[PDB]
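S.K.: Sharing an experimental structure here, sequence included.
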Amino acid sequence: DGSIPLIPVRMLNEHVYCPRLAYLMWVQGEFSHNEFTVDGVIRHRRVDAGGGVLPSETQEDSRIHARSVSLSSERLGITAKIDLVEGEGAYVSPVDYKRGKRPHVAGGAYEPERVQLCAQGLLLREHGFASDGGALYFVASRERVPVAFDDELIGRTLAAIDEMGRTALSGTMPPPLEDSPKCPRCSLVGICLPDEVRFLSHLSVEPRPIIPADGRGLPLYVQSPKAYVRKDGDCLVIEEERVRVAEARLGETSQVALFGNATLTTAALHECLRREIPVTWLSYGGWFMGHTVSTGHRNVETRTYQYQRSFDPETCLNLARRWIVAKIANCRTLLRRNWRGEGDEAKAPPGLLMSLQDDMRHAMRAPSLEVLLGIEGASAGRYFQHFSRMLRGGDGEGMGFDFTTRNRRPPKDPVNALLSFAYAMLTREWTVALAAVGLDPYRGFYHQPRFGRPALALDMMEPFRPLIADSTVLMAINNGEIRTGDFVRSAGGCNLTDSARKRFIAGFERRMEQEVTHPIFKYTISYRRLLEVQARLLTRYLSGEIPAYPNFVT
Amino acid sequence: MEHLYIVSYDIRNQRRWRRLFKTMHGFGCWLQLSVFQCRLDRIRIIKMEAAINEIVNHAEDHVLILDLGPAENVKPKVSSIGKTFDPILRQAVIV
Amino acid sequence: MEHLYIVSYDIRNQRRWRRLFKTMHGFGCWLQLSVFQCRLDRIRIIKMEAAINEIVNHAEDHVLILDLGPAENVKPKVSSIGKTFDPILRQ
Amino acid sequence: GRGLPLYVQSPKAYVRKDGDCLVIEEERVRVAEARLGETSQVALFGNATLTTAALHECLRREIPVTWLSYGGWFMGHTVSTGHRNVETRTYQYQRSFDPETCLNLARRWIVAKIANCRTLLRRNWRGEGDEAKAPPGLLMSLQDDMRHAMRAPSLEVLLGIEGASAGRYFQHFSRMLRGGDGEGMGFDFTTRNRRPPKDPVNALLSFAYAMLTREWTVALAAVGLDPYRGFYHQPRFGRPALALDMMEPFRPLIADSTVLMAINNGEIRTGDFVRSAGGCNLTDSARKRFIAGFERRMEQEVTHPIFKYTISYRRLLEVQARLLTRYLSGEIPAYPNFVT
DNA sequence: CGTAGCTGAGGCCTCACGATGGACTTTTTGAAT
DNA sequence: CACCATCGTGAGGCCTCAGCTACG
Ligand code: SF4
Ligand SMILES: [Mn+2]
Ligand SMILES: [Mn+2]
Ligand SMILES: [Mn+2]
Ligand SMILES: [Mn+2]
């Protein structure tokens, strides 16, 4: 039946390279670029993207020089788009272009491309042609390397067709390669997560250092309430009061955040859409109103697993326990390492640490989500009660925290407003990161969905509140980013001047691009990369691939 | 790891010049009367050299691309006599 | 050990331009419409920067001096799209 | 119902918020109003303008602003971060695991597709001169197959029966051409739907099907639905399994009808095709002439979803999608499909 | 004497200020050792 | 803040060369 479409022969090329790679690229979309995929597209585009002669149906005697020829056979089960076909009359031969030098292997062609060429050869044989050969035309040195369709080469090809069919119908993603040298360049290593999944799935190794991210930029923040962001070709000029304040290069921009009444010309919006650069609209105070989407994310297994597990109580319960236990542990660690007292107060009171650890453990043994929410509330209450203990060595002028003023709409403290802004501006980061990995940021296991606060970003940000939001607030107050003059009163409460908002946002950005070391894998990773890695690991955990989600307790 | 590239051109047709000024503002920031400084990683340098092999006419134009260094240590490598020289910084745009 | 320097200028006064074209042919070889490539050791780079601090007017001119490398390994560092690029040879 | 989508055709337009109203202006001069009570997605065409205050008022009321190009090419949505639609998505995902949900909606979709096919037979039969009517034996046969689809036991039986009935419809599809066999435009009854188009008529059919699938994808995503999680088709490999599920009733009305329009109006001729060793593909001029034709068919007005108010097809799609989400979560039983 | 020096005529390089316009196209391919 | 951002024609400013005058 329609249990499986025709296998594209490039996925046949990928399967003999890394079966997990074929599964990712074919059964879940999930493609990403690097140096080499971009370079290969650049090679192929200028010549073989454009068509050429047709493969004559009636062939008697004339040169066949067809280009970008699309065949398929459904007896075989494959579909192809041959780069070129060179044939004299009735003896044709596929020609596949590559990008690099001739490889340093016997026969000059690795196992995968040989299989791809043999598959295209079988397809040509299907449509009434005599191929018995092929070639690999490396564009860089145009050193055509012939390939002969040896018999067990065809054996390999048909075996690979059957193997891919079975592994797709099974529905279980094959394990990663074992510490291979293929993986550090497979352009999905940021999605395969080979070493991480190996290590957590108890095929235990020591995770090799992060194959670093490549080709991603930094956000665009538009905080001015009277800015006008318009397109200027590939740049993106932000003019305020008819004068160019700044330009942003679209190739180097990764998000857009529009605070308050900042206008974005429809053309700029279209250009952002053409690149899937997320655009997020926020209130003046950081409330996350809406964002931009485009016909969903082609990965379905991720969302299907997410929802199906969301309908399971103890999965939700285990995840929520992990999350708020991580939150309480991080609160304890922050309270310790940044407590600033003078004498007999300069180091943390162990009674508080006793209470916090006992609450950690009371949550770890929670019976249901109700008691879990109760314990989270109590622990956060104690933590904030002691929060003021540790900024600027004590409260400054006006920089007064009220522990009872938390968790409600209009902030009537300076530092309350600062915390609420940081929270509401980390929720955006988490939402973007979660939507970029195929998940649905609004279906959460612990929190309930309500306007402006997606239920899953609110969940997976719980461990990261003390590390990012509270840490940014503390560093901003201590270093003198914000003093009392920066705030302005209002009937609602407290707000920040523009000079304050720009400095605070810059501080938050510096925090997000600030490297740490993962407790579990032990490599230096920026916080922004860490959010993506954690989202991907959640997808894997829901997939049943790994036993449990790594909560990043520090 | 990103590198700092300096790109300088001579273009002998005003249409091609518009096309190239187009593309170059796509990639780096203006430095001198026909020079751009670009801070690019590998994917983007591949993109830039792909663009400027079809913008220009190889018969009579001339585009020069200089790879100064790892973009963290470029300041000892560049000495400017008139205006100040300040390399492209990788940070978000907050305004 | 010698280094390969690339020097590019914008000069806003024709007399100063003559003075600088003077001096630059003194030091390196023409490369582009306002660019010279110079292969200099330390004494000569000191001389060049001494000359171009008095040829030019610091208020409105702009001269840029790029130190590509050790002049033996410059070829991987320079990619030319139009004409060929060939570094200055010491012979 | 509650309200209807607002389509801002004018590329000149400038849209503001007037309290409880959404005001369209042209050159500082008014055009029309929406007033947010009976509104649905606000569709903005190329270089229209939507004031950020109006955008915020749309988001607070959780209205899916959608951005189309000047021609009408879809470019993206703009959804709000509220539970308006996640309820719809969670209902879809929770209910897609059910056997009657999948089976029942599949039976309805197939019976509607068959009914549209036979109605298009009785509409556009052009065996003119001697056979003004289709063979009523064929019509009785398709009626019987429609009952069978009403009482199919399970999904695979329905798939087999669907394939059968669609094949016997395509047997007389070529009977619907400009009057006879379209020599120079040959139609193959059996080589249907293979990935490369081996016939010019099949090339037109596949291209129309693809465009209809895209329209259905964007319409489904406009409402809070995941187009990639289907009830009848199969989900993975990147196939939109809900667009493919719901476009089935609309295949005769928008795809077959568009091909018939463009082939009986002489828009598509044998010179427009290129044939290559088993592939018949359109030429660029012909491709975009056919795109214009697909637009023209998407611009027609039909009156009767269940409420008679002459919507364009591109808005009937949203009406159907909203009806689907409204069937889910238990408002209206059994999803009142659109059949003519 | 010869080479330093100043004038023109043309060729590059960019900007403010105007008028046209109204791109978007099936599915495949695309690296790495 | 009225469709908005790619196209492109003028006026000025850089950049160099050929051809001159003095000259020592
Ligand atoms: S590391 Fe990359 S290439 Fe290797 S198996 Fe994993 S996804 Fe495939
Ligand atoms: Mn909470
Ligand atoms: Mn130049
Ligand atoms: Mn210059
Ligand atoms: Mn069907």
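M.R.: Happy to help now that I have it. Numbers count the residues shown, from 1 in each chain, chains lettered A, B, ... in the order given. Ligands and ions are numbered 1, 2, ... in the order given.

S.K.: Just give me how far stretch A:203-217 sits from the chain centre.
M.R.: With C-alpha atoms, centre = their mean, to the nearest Å as the basis, stretch A:203-217 stands 13 Å off its chain's centre.

S.K.: what does it contact?
M.R.: Outside stretch A:203-217, the residues that touch it by C-beta atoms under 8 Å, 6 or more residues apart in numbering or on different chains are A:33-35, A:38, A:175, A:178-179, A:183-184, A:189-190, A:195-196, A:198-199, A:249, A:251-254, A:521-525, A:529, B:41-44. Where you see a C-beta, it was placed from the backbone N, CA and C, and this is true even at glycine.

S.K.: ok, now stretch A:278-291?
M.R.: A:225, A:255-261, A:264, A:269, A:272-273, A:292, A:420-421, A:424-425, A:427-428, A:431-432, A:435-436, A:452-454, A:495, D:52, D:55-56, D:59-60, D:78-81.

S.K.: what's the span of it, first residue to last?
M.R.: Taking C-alpha to C-alpha, to the nearest Å, stretch A:278-291 runs 7 Å from one end to the other.

S.K.: related to what we said a few turns ago, would you mind checking the contacts of stretch A:203-217 for buried ones?
M.R.: The neighbour-count test (16 or more other C-beta atoms under 10 Å in any protein chain shown) applied to these identifies A:34-35, A:38, A:183, A:189-190, A:195-196, A:198-199, A:249, A:251-254, A:521, A:525, A:529, B:41-44 as buried.

S.K.: Those also near chain D: which ones?
M.R.: Among the buried ones among the contacts of stretch A:203-217, no residue sits close to chain D (C-beta under 8 Å from any C-beta of the partner chain).

S.K.: mind listing which of the residues you listed are in helices?
M.R.: Using DSSP state H, A:35, A:38, A:189-190, A:195-196, A:198-199, A:529, B:42-44 are the members of the buried ones among the contacts of stretch A:203-217 that sit in helices.

S.K.: Make TSV from these and add distance to residue A:79 to it.
M.R.: Converted to TSV, these look like this (distance: C-beta to C-beta, whole Å):
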residue	distance to residue A:79
A:35	28
A:38	24
A:189	27
A:190	28
A:195	34
A:196	33
A:198	33
A:199	37
A:529	36
B:42	32
B:43	29
B:44	33
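
S.K.: which of those residues lies closest to DNA strand F?
M.R.: Of all those, DNA strand F sits closest to residue B:44, with 19.1 Å by C-beta to the nearest atom of the strand.

S.K.: where exactly do the strands run in chain D?
M.R.: Here chain D has its strands, by DSSP state E, at D:4-8, D:14-18, D:21-25, D:30-33, D:39-44, D:49-50, D:65-68, D:74-80, D:273-275, D:280-282, D:301-302, D:311-312.

S.K.: residues from the stretch 101-250 of chain A in reach of chain D?
M.R.: A:127, A:168.

S.K.: which residue does the stretch 101-250 of chain A bring closest to chain B?
M.R.: Nearest residue of the stretch 101-250 of chain A to chain B (C-beta to the nearest C-beta) works out as residue A:234 at 3.4 Å.

S.K.: Around the closest residue to that residue other than its chain neighbours, how many other residues sit close by?
M.R.: The shortest distance from residue A:234 to any non-neighbouring residue, by C-beta to C-beta, 6 or more residues apart in numbering or on different chains, is to residue B:26 (3.4 Å). Per other C-beta atoms under 10 Å in any protein chain shown, the neighbour tally for residue B:26 reads 19.

S.K.: Right, and DNA strand E sits closest to which residue of the stretch 451-554 of chain A?
M.R.: Closest point on the stretch 451-554 of chain A to DNA strand E, by C-beta to the nearest atom of the strand, is residue A:536, at 16.5 Å.

S.K.: For that residue, which three-state class applies?
M.R.: helix (DSSP: H, G, I helix; E, B strand; the rest coil).

S.K.: give the contact list for it.
M.R.: Residue A:536 sits next to A:191, A:193, A:437 when contact means C-beta under 8 Å, 6+ apart.

S.K.: Can you name the residue of chain A that approaches DNA strand E most closely?
M.R.: Of all residues in chain A, the one sitting closest to DNA strand E is residue A:40 (1.9 Å; C-beta to the nearest atom of the strand).

S.K.: By neighbour count, which of the contacts of residue A:536 wins?
M.R.: residue A:193 (23 neighbours).

S.K.: and chain A, what are its domains?
M.R.: Listed by curated CATH domains, the domain ranges of chain A are A:7-201, A:218-291, A:300-543.

S.K.: Would the last one count as contacting ligand 1?
M.R.: Right, the one you point to is domain A:300-543. No. If you take C-beta under 6 Å from any ligand atom as the test, domain A:300-543 misses ligand 1, and the best it gets is 11.9 Å.

S.K.: Ends of that domain, what's the gap?
M.R.: Taking C-alpha to C-alpha as the criterion, the two ends of domain A:300-543 lie 12 Å apart.

S.K.: Tell me where the stretch 151-300 of chain D has helices.
M.R.: Using DSSP state H, counting those that start in this stretch, the helices of the stretch 151-300 of chain D run over D:155-171, D:200-222, D:243-250, D:257-264, D:284-298.

S.K.: Near DNA strand F, which residues of chain B are found?
M.R.: Applying C-beta under 7 Å from any atom of the strand, one finds that chain B approaches DNA strand F through B:14-15, B:18, B:22, B:33.

S.K.: Run through these and flag the ones next to chain A.
M.R.: residue B:22.

S.K.: of all the residues of chain B next to DNA strand F, which two lie farthest apart?
M.R.: By the measure C-beta to C-beta, B:15 and B:33 form the most distant pair in the residues of chain B next to DNA strand F, at 19.4 Å.

S.K.: the more surrounded of these two?
M.R.: More neighbours surround residue B:33 than the other of residue B:15 and residue B:33, with 14 against 8 (other C-beta under 10 Å).

S.K.: Verify the contact between residue A:56 and residue D:277 for me.
M.R.: Yes. Between residue A:56 and residue D:277 there is a contact at 7.0 Å, judged by C-beta atoms under 8 Å.

S.K.: Looking at the two, which has the bigger crowd around it?
M.R.: residue D:277 (22 against 16).

S.K.: My reading is that residue A:466 is in a helix; is that accurate?
M.R.: Yes. According to three-state DSSP, residue A:466 belongs to a helix.

S.K.: Now do the strands in the stretch 51-200 of chain A.
M.R.: Taking DSSP state E, counting those that start in this stretch as the criterion, the stretch 51-200 of chain A carries its strands at A:63-73, A:78-88, A:91-98, A:134-138, A:145-147.

S.K.: could you redo those as JSON lines and give each row mean neighbour count and distance to DNA strand E?
M.R.: Shown next, in JSON lines, are those (neighbours: other C-beta atoms under 10 Å in any protein chain shown; distance: least, C-beta to the nearest atom of the strand, whole Å):
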{"stretch": "strand A:63-73", "mean neighbour count": "19", "distance to DNA strand E": "6"}
{"stretch": "strand A:78-88", "mean neighbour count": "21", "distance to DNA strand E": "3"}
{"stretch": "strand A:91-98", "mean neighbour count": "22", "distance to DNA strand E": "5"}
{"stretch": "strand A:134-138", "mean neighbour count": "22", "distance to DNA strand E": "9"}
{"stretch": "strand A:145-147", "mean neighbour count": "18", "distance to DNA strand E": "13"}
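
S.K.: now those as JSON lines including distance to residue B:82?
M.R.: Shown next, in JSON lines, are the strands of the stretch 51-200 of chain A (distance: least, C-beta to C-beta, whole Å):
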{"stretch": "strand A:63-73", "distance to residue B:82": "52"}
{"stretch": "strand A:78-88", "distance to residue B:82": "51"}
{"stretch": "strand A:91-98", "distance to residue B:82": "47"}
{"stretch": "strand A:134-138", "distance to residue B:82": "47"}
{"stretch": "strand A:145-147", "distance to residue B:82": "53"}
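
S.K.: Could you save those as JSON lines and add columns showing distance to chain B?
M.R.: JSON lines is the format used below for these (distance: least, C-beta to the nearest C-beta, whole Å):
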{"stretch": "strand A:63-73", "distance to chain B": "19"}
{"stretch": "strand A:78-88", "distance to chain B": "19"}
{"stretch": "strand A:91-98", "distance to chain B": "16"}
{"stretch": "strand A:134-138", "distance to chain B": "17"}
{"stretch": "strand A:145-147", "distance to chain B": "24"}
